[PDB]
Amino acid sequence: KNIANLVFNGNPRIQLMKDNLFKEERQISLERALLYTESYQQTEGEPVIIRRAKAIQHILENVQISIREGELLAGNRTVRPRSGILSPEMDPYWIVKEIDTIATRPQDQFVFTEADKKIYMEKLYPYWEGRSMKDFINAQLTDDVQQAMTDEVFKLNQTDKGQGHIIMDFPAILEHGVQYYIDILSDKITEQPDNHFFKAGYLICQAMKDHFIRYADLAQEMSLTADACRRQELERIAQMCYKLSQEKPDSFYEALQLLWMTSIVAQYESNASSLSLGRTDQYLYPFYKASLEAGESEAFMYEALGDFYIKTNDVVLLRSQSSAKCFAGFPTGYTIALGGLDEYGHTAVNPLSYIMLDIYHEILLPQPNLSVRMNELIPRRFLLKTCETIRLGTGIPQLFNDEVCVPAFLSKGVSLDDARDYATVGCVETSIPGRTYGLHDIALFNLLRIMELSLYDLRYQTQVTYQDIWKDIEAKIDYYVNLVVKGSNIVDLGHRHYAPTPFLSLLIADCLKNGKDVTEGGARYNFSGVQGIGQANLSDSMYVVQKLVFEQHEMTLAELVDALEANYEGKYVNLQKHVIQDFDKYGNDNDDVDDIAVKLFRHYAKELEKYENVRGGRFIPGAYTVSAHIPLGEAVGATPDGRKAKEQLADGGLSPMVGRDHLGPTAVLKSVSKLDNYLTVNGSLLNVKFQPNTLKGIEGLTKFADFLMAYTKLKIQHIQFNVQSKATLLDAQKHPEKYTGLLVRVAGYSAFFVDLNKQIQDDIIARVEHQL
C-alpha cells in the first residue's frame, strides 16, 4: 500500500472527491462521439461551423450527467471518472489498430469494453472513415514533408485530435454571464445576418444555458432524497445553476462554478489538451474579496476551491500509442499562472495567490498545473511559500520569468498591457490569455537528428572542414524549418476546415469584433509554435567533433562516423568513455560548448521567424520536449557526445544531457543564461532536480529562494524542480504498489511515476540530483 504523498488532516470532502477519481479503472468513452455523429448525420450541407455548434448543442443536451459524491460544483465531461473521450471525427483509424491492445499498452492504458468495441466498429468507424480531419491531412501533406517525417526529423501534432492549447478570456465570461453573450449574439446576428460564426456561438451559449438548467434540475431532484446536510448543499447548487444559466456571478463560489462550467463546455467543443486557465488568482480574487465582505466564510470558499482543483484532475485526454510516447502520462494542461505583474508594472500577488498554493498541499495531484510568475517585485513571503510548495516534491508549481517573457512578447508586437498579462498554456507555452491563438505545440523538431544526417552526409569528404559541417547543419535547418512550416500550416488548415471552435472563440479577443473564429485568425495574436529539441546533445556532439577531429586530429570525420555507425561497440568502447568524460559538456558554464548551443538555436529561431502561418501570424520557436525526448532519442543513432543509438535526448528542452552537469545547479543556470532566451516566445523548459534533504528547514527554503532570485536575474525563461531521492525512485520502480501516489515532474507537467513507462522513469532517475 501507498506511502507517497500521504495527506495529514486533509479536508474530508476534498479527500473523498480526490479518492473517488481513482476508485475505478479508466475506460474509453464513446458517448461524445455517438452524440457528435448523430448530430452530424442531420447537418450535411450546412456550414462547418454551424455543424460544429449543432453537434456541441446535441452533446450538451443529451450527455449523461451526475453530481458526484460531495461535490460543491456541478460539471464533469463524463460520469465515469477520467474517461478517454475518443474523437473519430479527428482520427478514426488509430483506435482500430489498437482496439485489442489499448487496455494493456505500455503507456496510458484505457479499457475499451466489449460492448463499446462493437459499437465503435458498427456505428462510428464506417461513418468517419474517409470523413475525418486526419483524412484531409494525409491528403494534403506534400512529398518532401512526408519524407522529412519518415526520416524522423520532425513530428506534426494534433493531426488526430482537437487543437486546444488556448486560454479563454475567463475575466470576460465572469463579468458578463451567459445571457449577456446570448443577447449580444442576437444583436450581432441581426446586424450581420450572413455571419455564420455569430449563429454558431449563439447556439452553443443557448445550450450552455440549458446545460446549467439540466444540472440545476438534477441538484433539486437529488436534494429530495439526500441527508439533512447534503440536501441544503444540493439546493444551494440548484439555485446557483439556475442563476448562472443566465446571470453574472456575484460570489467566489459562483465564479468558480461559472469558470468550471465554461471549461466543461469548452471541452465538449474541442476535446483537447491545454484549455488552460490563465491568471486565475487575478480574476477570482475580486470575487474572493467580495465574498469575505458579506461574511461568506473562508473555510467554505476553501472547500469550493478544492472541489475545483479536483475537477481539473477528472480530465485526461486519449491518444494513440505513438502519440503517448511524446506526451506520456496525461499532460492535461489546466495550467494556472499565479502572481506576476499588474497593468502598472507592480506586483500582482494578492491574498488568493497564497491560498491557491496552500490548498495544493492537500491536493498533491498533477492538476491544476500551478505556475508562479517570477520577477524582482515578488513578495518574499510569497516566494518562500512557492519554495515550500515545490518542496512537497510533486513538481508543482513551476516558474516563469517575467524578466524574459514580457520582453519576448513585446518583441512579437504584443502591446505592453497584454504582455504584462501573460500566462501559460499547457506545459511552458507562454501565451497572452484570452487574446492568442498560438498553435503552441504544433510540431516537434529534432535538432540532433539533423546533425546526425549532416555528419553521415559528409562522412566520405576527406577535405571536409569543421565550418563545412556547421554550414551544412545550418543549411539543413533552413531546409527543414521550411518543411515543418509547410506541414504545420496544413494541420492549421485542417482544424479550420474540420473543427472551428465557435464557443471558445467568443472568449478570445478579438473574434467577436472581427466576426471570425480563432481558426480563421480572429484572435488578436496568431502564432504557430515549433519546438527545437535536442540542443544540449547538439552542442555536446559538435564540441567533440570540433576538438576530437579538427583541433586534436585524434580521428577523421569518416573514422568518427564509422564509430557512430558501430554504436561505440567493440574496438570503440573506450572512445565512448573518451568523448563523454574528456570533453566539456553543456551545463557546466564552459563558454566553448555553451556558445555552440547559443549560436545554433539562435539560427533555428531566426529561421522560424521568417515564416508566416496561414492566419497572417508568425511562427515562433519553443525549446521544450514534454516526454518526446524519449521517442526523438530513439530516432537518432550514436552521436559524438557519447549517446548510444536510440538513447534519450536531453530532457525538458534547455536541460543538460542527463549526468553531464558536474559543477552543481548554479553552473547549469549560467550555461542556460547564455542562450538568447528572449527568442523562445513559445516557451522553453529547464528541469532541475534537488536532493530532498538539501531543501529541508528554514535554511533550505532560504537557499531555495536565493536560487530562484538568481534564476530570475539571469533571465532564464522557465525552471521547475523534482525533489525526490534516487532511492525513492528506484524503490518506486521495484515496488510500484507503495508509490501509487508519487508525482514526478516530466517536462512542464507532473505525472504519477508508476504510470510512466520505464524509459521516462529512467530519464528522471538519471537526471543529476543537485544540492544547494
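Note that residue numbering follows the sequence shown and begins at 1.
Taking the mean C-alpha B-factor of each stretch as recorded, 331 to 339 and 86 to 94 are not equal, and the higher mean is that of 86 to 94. Two stretches are in play, 144 to 152 and 366 to 374, and the higher mean C-alpha B-factor belongs to 144 to 152.
Residue-level inspection of the entry shows that, of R32, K713, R745, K703, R32 has the top Cα B-factor.
Per the PDB entry, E122 shows the highest C-alpha temperature factor of the residues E429, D676, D418, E122. When the modelled residues of the chain are ordered by C-alpha B-factor, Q42 sits in the highest third. Sorting the modelled residues of the chain by their CA temperature factor places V7 in the highest third. Among the modelled residues of its chain, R459 has a C-alpha B-factor that falls in the highest third, as given in the PDB entry. Sort the chain's modelled residues by C-alpha temperature factor and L384 lands in the lowest third, per the entry. When the modelled residues of the chain are ordered by C-alpha B-factor, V48 sits in the middle third.
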